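Heads up, the chain shows up twice below as structure tokens, two forms, tagged structure 1 and structure 2.
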Structure 1
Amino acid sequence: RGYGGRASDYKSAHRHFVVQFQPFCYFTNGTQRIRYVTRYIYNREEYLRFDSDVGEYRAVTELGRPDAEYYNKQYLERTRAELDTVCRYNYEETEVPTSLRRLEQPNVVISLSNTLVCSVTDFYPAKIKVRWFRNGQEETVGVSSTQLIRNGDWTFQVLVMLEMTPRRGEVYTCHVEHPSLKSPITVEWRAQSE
């Protein structure tokens, strides 16, 4: 099912050594605004770039000086058209049914180590909110969250630590909101131990 994707086309120029070609389709509000940039790199030096907001190839450094005229002559119209034939096409035909539909619900677990840890794992996409509550009110002092952790497998995790005193009759709650959830998840910990 679905469609065959189309690659950005890496254009031909007229001790360890490396080239890289890096194409980028930047999408804002769907395909309403698209910026397209292709980066020509020698070892880690980006020497030549196409940028749709500029409209043509530009030498970024002197290693790209011998290329920018030949590229603009030889490759420009095709390259320009990639904003639609690569970016818009791949997005509308292929990402829509796959990446943009992906919704993975977080797993929420409280553990000790005194520090309570709210671990919120295996979720997608990135947008998340995770708050600690003590006896019904939001706790902010002594609370630290990691940055978003990318697991590399199409899921994320975030860990939120609360530095605490495990008094009797004290109730702690981790509250989580995510696009995959109709309403927030809440998980409780009671002293002693949940």
Structure 2
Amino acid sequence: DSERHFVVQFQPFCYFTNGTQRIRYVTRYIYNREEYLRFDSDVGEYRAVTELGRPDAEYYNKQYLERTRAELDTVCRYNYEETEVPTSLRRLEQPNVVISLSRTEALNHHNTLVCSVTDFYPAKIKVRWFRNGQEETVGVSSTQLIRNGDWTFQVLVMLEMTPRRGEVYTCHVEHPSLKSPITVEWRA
């Protein structure tokens, strides 16, 4: 049974809420995919998760407790304020915004208007639809924000509509990277 593989995982997490004014530190010791031990800056100590971590529990606490508790400050708080502020929490990527009509046009005929908002960062954004400068609220839907994996996100928002003479629909995008909203029109 050589095809009998193995693996352990060490997964640290620094949860930041409102700057560093509030941090929760979590350390997960994993075997294959079972979590057997863990540290929680909220529980205040190491605790055995499964039966497997029953051994380590006492040894990890007696030894590394004070050292692990401190990481909330030496790793978490420190990194956030020293490395994150000038990189992550400063990256602002304006999105591209296009509008494509779902089916072929046809006056007075049920159709959709898709607004593609791609390549932006961070994720928090807001896309609106307007019809003759009057906001369309009914028949507006969207996809699940997509994490492209290359430090950018994308999303598509639909507007079921009915193309009529002289109508000008508008996609409205507001983002932390925009001094003012990006507005794209679609003319009937």
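Residue 1 is the first residue of structure 1, and the numbers go on in sequence order from there. The term rigid core refers to the maximal set of C-alpha atoms that superpose within 1.5 Å between the two forms.
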| item | value |
| --- | --- |
| Rigid core superposition between the two structures: residue from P66, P166, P125, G55 with Cα shift of 2 Å or more | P166 |
| Core-superposed comparison between the two structures, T140 Cα displacement 2 Å or beyond | yes |
| Angstrom displacement of the CA atom of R44 between the two structures, core fixed | 1.2 |
| Between the two structures, how far the Cα of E92 shifts once the core is aligned, in Å | 0.9 |
